[PDB]
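Some notes on the structure that comes next.
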Amino acid sequence: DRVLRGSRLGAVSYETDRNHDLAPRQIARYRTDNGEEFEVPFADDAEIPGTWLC
Amino acid sequence: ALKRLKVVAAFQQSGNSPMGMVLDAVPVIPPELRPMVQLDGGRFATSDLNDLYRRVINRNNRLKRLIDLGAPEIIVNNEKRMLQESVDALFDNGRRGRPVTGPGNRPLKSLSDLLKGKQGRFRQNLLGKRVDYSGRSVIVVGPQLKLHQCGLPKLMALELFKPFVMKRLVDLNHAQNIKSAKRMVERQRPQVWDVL
Amino acid sequence: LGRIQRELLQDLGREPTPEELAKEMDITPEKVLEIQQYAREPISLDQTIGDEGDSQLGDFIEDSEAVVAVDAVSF
Amino acid sequence: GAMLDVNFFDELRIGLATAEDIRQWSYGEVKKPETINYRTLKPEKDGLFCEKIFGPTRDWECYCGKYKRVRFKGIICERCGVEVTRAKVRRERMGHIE
Amino acid sequence: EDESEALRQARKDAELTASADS
Amino acid sequence: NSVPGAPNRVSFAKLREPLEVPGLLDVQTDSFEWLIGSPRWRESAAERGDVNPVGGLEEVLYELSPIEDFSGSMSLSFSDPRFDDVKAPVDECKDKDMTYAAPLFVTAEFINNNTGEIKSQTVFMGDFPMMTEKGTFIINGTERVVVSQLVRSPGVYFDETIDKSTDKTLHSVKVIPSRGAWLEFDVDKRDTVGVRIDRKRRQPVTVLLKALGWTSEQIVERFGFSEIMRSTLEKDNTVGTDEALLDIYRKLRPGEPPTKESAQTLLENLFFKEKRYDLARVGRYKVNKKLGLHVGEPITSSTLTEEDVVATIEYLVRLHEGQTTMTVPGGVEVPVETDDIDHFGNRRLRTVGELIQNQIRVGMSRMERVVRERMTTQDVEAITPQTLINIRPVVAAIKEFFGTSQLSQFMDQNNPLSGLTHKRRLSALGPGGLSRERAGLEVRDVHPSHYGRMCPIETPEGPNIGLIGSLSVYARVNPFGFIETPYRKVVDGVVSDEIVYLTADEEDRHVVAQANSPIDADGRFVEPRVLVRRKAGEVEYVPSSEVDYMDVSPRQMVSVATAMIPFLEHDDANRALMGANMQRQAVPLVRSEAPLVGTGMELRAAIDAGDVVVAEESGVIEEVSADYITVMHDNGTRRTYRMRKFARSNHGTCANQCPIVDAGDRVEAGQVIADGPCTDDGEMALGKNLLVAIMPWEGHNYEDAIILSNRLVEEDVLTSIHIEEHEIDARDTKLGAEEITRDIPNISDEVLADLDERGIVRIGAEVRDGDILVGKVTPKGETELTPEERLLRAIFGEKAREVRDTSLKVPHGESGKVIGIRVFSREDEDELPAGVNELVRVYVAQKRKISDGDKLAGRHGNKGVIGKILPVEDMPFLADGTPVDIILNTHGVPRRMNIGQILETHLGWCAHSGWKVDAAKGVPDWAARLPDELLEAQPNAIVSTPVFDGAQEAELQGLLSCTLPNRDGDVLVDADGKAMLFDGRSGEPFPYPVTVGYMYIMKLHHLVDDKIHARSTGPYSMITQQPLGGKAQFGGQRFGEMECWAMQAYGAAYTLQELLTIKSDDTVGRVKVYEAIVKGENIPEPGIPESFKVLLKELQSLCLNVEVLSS
Ligand SMILES: [Zn+2]
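Residue numbers (PDB author numbering), protein chains in the order written: chain Y, 3 to 56; chain D, 292 to 487; chain W, 379 to 453; chain E, -1 to 96; chain U, 206 to 227; chain R, 30 to 1140.
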């Protein structure tokens, strides 16, 4: 009677979750006003802005 | 005193605070559980919590704007009252006063109606669920069979045992790859019965 | 579009051509179609397409962007 | 230990929420009543479908489009704001309203 | 004069609560 | 007789009915003619009540007009509805996918009476759906039928209820008028008479009386006997006329002080102002007949009256006093008693005319509201009715009734019989009626007023028993919607022939005789103490002078389908119900042989079903063909009758027709000229005559399965034709536009061996499962590329293939030729949904043989699947070598009590082999009641025993005694009906003789290939992740909680956990299972199902700190 189709706005890939040869990562640290660290793992080749939303 | 002493002694034995009744930060359900799907044809479907969340967002932002502005208490407390009513309408729509409705005047299905009643995740997905590797047909009498045997039509059993027969007829090199095996099974070439 | 098109259908006695509303706006009928697309409110999922209240709308939508589970193992 | 969800259960205990537990659960603070753009059909910023909070919408796809490789993983992108990971985290990433 | 009490008693408590939303 | 080309079918009926069967579709055609205002309806209502000949459309317009301002200074007047002829013929409208229609015209006049200024136009009102010759509508190309409805009529309804404590007969009046308020006059345990109007309090009756102008002296003057009412008149403690009126107003209206003008106007509004209360003509007639207010005055002034109110009060109080009859002042006496709502004088029949009239009324009110509000906004004396009138809500109301309403059912046509009996159906649910949960058990029963007005046998057997029922044969619908029934009017023991239609109330008044009473050949009775039905559903014995109504015939209580079962009076009602229910699920075969023994009502049910071409004027056939017949009339004119060769029915069966005449014959007006789907020489035929035997055979027919010979498959005895329609279309996507090409993604030229130059396959190309029918490929846009795919594409050197294929392919197990390919295009100026460019439809027509798994059934509800089709040689045979064709089982007859099949089988053998009663020494003793020319008959000649006056068992034994031999001197079937069967497998004869004979069995449309489906891994749901359900797609089976209980009670934990984790929910584990199966490794351990994670996230969302505990 009523059978439809549809998809969410997004596509799906199919890879392998290797966990060794990842991109080189710099870990950056930010801080709020009330002493709250928020560790931000960036790339190693990445500019670090002085401010960041947490 | 006894009827109060139930919950009083419960809080006494508990290490839990009695601060749980008030709330400062409503949590947000992840967006896959409230899908923003669209159909082939530009028609968009949501699951009715987005309207309630949007309403609470509007009231909260307006109250924050008024409290940084500095306003008389009639305005501020009316805004607080409608914010409180909005949060109540989010958590259980239809308990107190009137349920918030929308187009067609159906009340909006709140969070609690995803558990309450016969359409929640305690009955409606816990009665039963459809399974794969299934099938059904009509039955006839098989009076030459032994007791542990039963018949099966081939056009059903071929569909039932499809991955097993894919593996076996790759292992006998009738089709060198899985896609070739699938097309051979779909075209129903005569080797599949002796494999089956 | 809504007010003027309502005026034009009332004077016509029927809802006019997209070319007619377009030349009323002196734009293209496909632009009128785009306005028709953007103006339509999103449907909900909680209304029951069954005759009684038995099933939500989302129980009849297949997945158009899922994995067929043969190409994945093939990959 | 209901974080990585091991397949060994002993008890299931229900308690009572606190504001600190809620803000510890959350991955941001939604502050705009915006869901999608009317034309490009892409999610908005700091809304109900904010990708910066509720993860990306495609598998290891950052929002601007620079980092698109599985070699990138768990790397937040300063230009678009999102962290590169699978689109399955939209099932279980929590936000909170302030 | 036989049935008024319960209907009036329910009706007054029904009309008291519902008229005080905002 | 009385149909000229009828086959000669001798009958066993002793009686001779006076009245032939009516036209079986006058429950529909007459109702729609009443709505339209046909000339034929006009003259018929002229000869049956010409005081008010008025169509329904004229009545609704007369009710609406005039429409005016609030100042009364201008007037808008409606008059004179009018129809022209149609816009398109029937078959062309069916093929080109629109609605059968006709234009509608009225004479709408606007006057501005500020000085008197009329303006009259002829306003086009819209396209109006109309009913064909058969009695169905055609909506959007498909075919639809409106099913009649049973509601209870407006009017008064007294009763009494007892108290458990006081044991008082609580006499309660209820008036439930159409679109009005409610009021009641009730007596409680106290001696108090309420007037508790519309869910309010029991005020004294004198309060309403003094409101209407009846003070206490007038009350006691009119009522010198109502001691209970004068007890209230002492108990009332409130006196005064306007004091009573203001008391009524202040009790009625909270929030307002009692003001006299509002007190007057609200009472007038609820009682005499017709806008917010108007009981209809039916309710007005009901009240005027119940209380006897008027004498011969027709229906006018359809509001209340104080005379009616005080007569109601008098009737109630005298009923509670214990009066049995009473004359109202100025009126005749009436019996005084209670009422039951299931009595069939109080459940009228809202047919198609009434339903459409209500729809047009509810549309026209919404139209005229806009008109009345828009005339204010328009200027004065500068407007016209063309500017005034907006017919959009009327046409929207019509289309939203024809769609989206369960009373506009889809037309159900497996065969002419089911097509006929889908009309003449009386439902009970729907809008304005009660649902199935509200269906209390005293509405599904058989009230004994049903005798002749609704068949008690036929009903759907599911959870709808008794709600949906069919009409009787001879019934007829009143102008008010009541159900009449013919009766002979016997006078003084002499049976006349003035056939008098009666309703349920007059049937309760008088004394009704029985159908087969022994009349003495001139009118006189024979026995003095005859059978009689009485008022209370009693069966008595009366001297033959109180009899005034004899039945027209037997079988008056029975439906159309249940008048075709032979020997119905020997069967139980359960199996008769199942037989008449599965007589509407046959399939049209390709040979369609008429049954050897049936009832005489098979010819009429075929020529009245409309699916047989019937010549209209007497003449001589000039030229026949396979597709058109040119009958030459007497005077010059000719006429050609086109056929419909292999058109698809609504359920997927063919609808072929074929002529049955020659090029030189003379036909008369009314003769059958062309057989339809399930017809042979005019009469109905649903199955074949198959030789049967009733022994159990080696376990292949256990618990009523059925075995069959192979001669049925070889000779195509049971071979239906099915036609399936597949549809695909080309919309516009975001990434471009889809197209229909030969060229596709990388599939070889082998699959392009049949596709034409522009997509779809050629006509006649035999297809198999899964082949391409339409080649369509969609613009998928461009996505990113994996490096591995990049390397493989660099290796092989191929097209990027930037488009994705979506080709229409034939689903599983379907095959056969291709009949027709209908193609619609948006470019080709056709009606399409927006965005769709080309719409195509392919018809695939497999010819389906009989096979095991199919369902066969006799006429008496002895169904059963087909067990094992044996080869022809090892199937038992008589002494002549003729093998039998189907072997039933004998354990299924005595425990179900349907020995009609055994009597039918014996008569089938007698009618096949032919008889001749040896009248050497005159007529034998059993053949006294037998007619002439049933004494002897040729072999393979047909008979007909009617339903409730059939052949007796003595006549059956007497016929079985003399059954003239086949070719040699050989009576294969001896006096008992049995025969001596050899065995084809072993070779020795069976030691005991076995019943044989010629049964008649059909083929049922619940074939196996519709039903069998499997699913390995297919599509999935979106919001949840369970697999899909349904046989159109793959679909997986529901695993209910009872099966969960079964697995738990067995103790298999792992199978239950597997069925609830990795086959339905665990989306990341399903593919791991699939690849482990394909590679050949062990099945991995299951993970956490997704439903549990959904529940966990919901509980975290509801501010519940849910945590798991390890230790
Ligand atoms: Zn980015």
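Here a beta-carbon is modelled for each residue, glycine too, at the ideal position from N, C-alpha and C.
Could you work out which residues of chain C lie near R/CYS1132, taking near to mean beta carbons separated by less than 7 Å?
-> No chain C appears in the structure shown, which is made up of the protein chains Y, D, W, E, U and R.
Sufficient close CB pairs (3 or more, under 8 Å) joining the stretch 139 to 152 of chain R to the stretch 407 to 414 of chain R = Yes, they touch.
Is it the case that the CB of R/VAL1107 approaches a heavy atom of ligand 1 more closely than 7 Å?
-> Not under cutoff, so the answer is no.
Could you work out which residue in R/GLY1065, R/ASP601, R/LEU936 is closest to R/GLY1026 when comparing CA atoms only?
-> When the alpha-carbon of R/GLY1026 is set against those of R/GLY1065, R/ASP601, R/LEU936, the nearest one is in R/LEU936.
R/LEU625 classed as buried or exposed, judged by whether at least 16 other C-beta atoms fall within 10 angstroms = Result: buried.
Is DSSP giving R/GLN1129 helix, strand or coil here?
-> If DSSP states are grouped into helix, strand and coil, R/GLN1129 belongs with the helices.
Using the beta-carbon of each residue, find all residues closer than 5 Å to any heavy atom of ligand 1 and list them in chain order.
-> Chain-ordered, the residues whose CB falls short of 5 Å from any heavy atom of ligand 1 come out as E/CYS60, E/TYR61, E/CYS62, E/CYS75, E/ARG77, E/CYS78.
Reduced DSSP category for R/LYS193 - H, G, I as helix; E, B as strand; rest coil = For R/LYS193, the three-state secondary structure derived from DSSP is coil.
Any idea what DSSP makes of R/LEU837, helix, strand or coil?
-> In the structure shown, R/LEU837 sits in a strand (DSSP, three-state: E or B).
When DSSP labels each residue in this structure, what does R/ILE1091 get in the three-state scheme?
-> In the structure shown, R/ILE1091 falls within a coil segment according to DSSP collapsed to helix, strand and coil.
Quick one: using the 10 Å Cβ neighbour count with 16 as the cut-off for buried, is R/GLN930 buried or exposed?
-> It counts as buried.
Just checking, does the stretch 311 to 324 of chain R make contact with the stretch 217 to 225 of chain R on the three C-beta pairs under 8 Å criterion?
-> Cβ pair count under 8 Å is below three, so no.
With distances taken from CA atoms, which of Y/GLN28, Y/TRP54, Y/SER15, Y/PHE44 is nearest Y/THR34?
-> That would be Y/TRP54, whose Cα lies nearest to the Cα of Y/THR34.
Under a Cβ-count criterion, where at least 16 other Cβ atoms within 10 Å of its own Cβ denotes burial, should R/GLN614 be classed as buried or exposed?
-> R/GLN614 should be labelled buried.
Within 10 angstroms of the Cβ of R/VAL746, are there 16 or more other Cβ atoms? Answer buried if so, exposed if not.
-> That one is buried.
Please report how far the alpha carbon of R/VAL873 lies from the alpha carbon of R/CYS687, in whole angstroms.
-> For R/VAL873 and R/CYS687, the gap between their C-alpha atoms comes out near 22 Å.
Check whether D/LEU324 and R/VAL1123 have beta carbons under 8 Å apart | Yes, the Cβ-Cβ distance between D/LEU324 and R/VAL1123 is below 8 Å.
Using the C-alpha atoms, what's the distance from R/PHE112 back to R/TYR129?
-> Straight through space, the alpha carbons of R/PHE112 and R/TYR129 are spaced by roughly 14 Å.
Please state if the CB of R/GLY804 and the CB of R/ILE757 are separated by a distance shorter than 8 Å.
-> Using a Cβ distance threshold of 8 Å, R/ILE757 and R/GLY804 do not count as a contacting pair.
Apart from the five residues just before and just after R/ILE370, which ones in its own chain have a Cβ nearer than 8 Å to its Cβ?
-> Taking R/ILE370 as the centre and dropping the five residues before and after it, the same chain places the C-beta of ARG181, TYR186, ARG376 closer than 8 Å to its C-beta, in chain order.
Under the criterion of a Cβ to heavy atom distance below 7 Å, does R/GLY1116 qualify as lining ligand 3?
-> Judged by which ligands are present, ligand 3 is missing from the structure shown, whose ligands are ligand 1.
Skipping 5 residues on each side, what residues in its chain have a beta carbon closer than 8 Å to that of Y/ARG27?
-> Here the set comprises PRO43, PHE44, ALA45, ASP46.
In three-state DSSP terms, what is E/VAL28?
-> Coil.
For R/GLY1116, return the contacting residues in chain E, with the cut-off set at a CB-CB distance below 8 Å.
-> The contacting residues are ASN5.
Please report how far the alpha carbon of R/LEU308 lies from the alpha carbon of R/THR356, in whole angstroms.
-> If I take the Cα positions, the gap works out to 24 Å.
Contact list for Y/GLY12 against chain E, beta-carbon separation under 9 Å = Those within 9 Å of Y/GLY12 in chain E are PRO54, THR55, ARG56, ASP57, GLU59, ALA85, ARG88.
Taking DSSP as the reference, what is the three-state secondary structure of R/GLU429?
-> Assigned with DSSP and collapsed to three states, R/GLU429 falls in helix.
Which residue from R/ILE1106, R/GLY711, R/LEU1057, R/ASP903 puts its Cα closest to that of R/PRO33?
-> A check of alpha carbon separations from R/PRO33 across R/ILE1106, R/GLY711, R/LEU1057, R/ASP903 identifies R/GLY711 as the nearest.
Closer than 8 Å to chain E by CB, Y/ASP23 | Taking 8 Å as the threshold, the shortest C-beta distance from Y/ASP23 to chain E falls below it.
Is there contact here, the stretch 84 to 93 of chain E with the stretch 208 to 225 of chain U, by at least three beta-carbon pairs under 8 Å?
-> No: fewer than three Cβ pairs fall under 8 Å.
Express the C-alpha separation of D/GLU376 and D/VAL313 in angstroms, rounding to a whole number.
-> In this structure, the alpha-carbon of D/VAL313 lies about 14 Å from that of D/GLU376.
Are there three or more Cβ pairs, one per stretch, closer than 8 Å when the stretch 144 to 152 of chain R is compared with the stretch 162 to 182 of chain R?
-> Under the three-pair Cβ rule at 8 Å, the stretch 144 to 152 of chain R does not count as touching the stretch 162 to 182 of chain R.
Would you kindly work out how many angstroms separate the C-alpha atoms of R/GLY608 and R/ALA592, rounded to a whole number?
-> Going from the Cα of R/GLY608 to the Cα of R/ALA592 covers about 11 Å.
By DSSP, does R/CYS687 sit in helix, in strand, or in coil?
-> Collapsing the DSSP output to three states places R/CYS687 in a strand.
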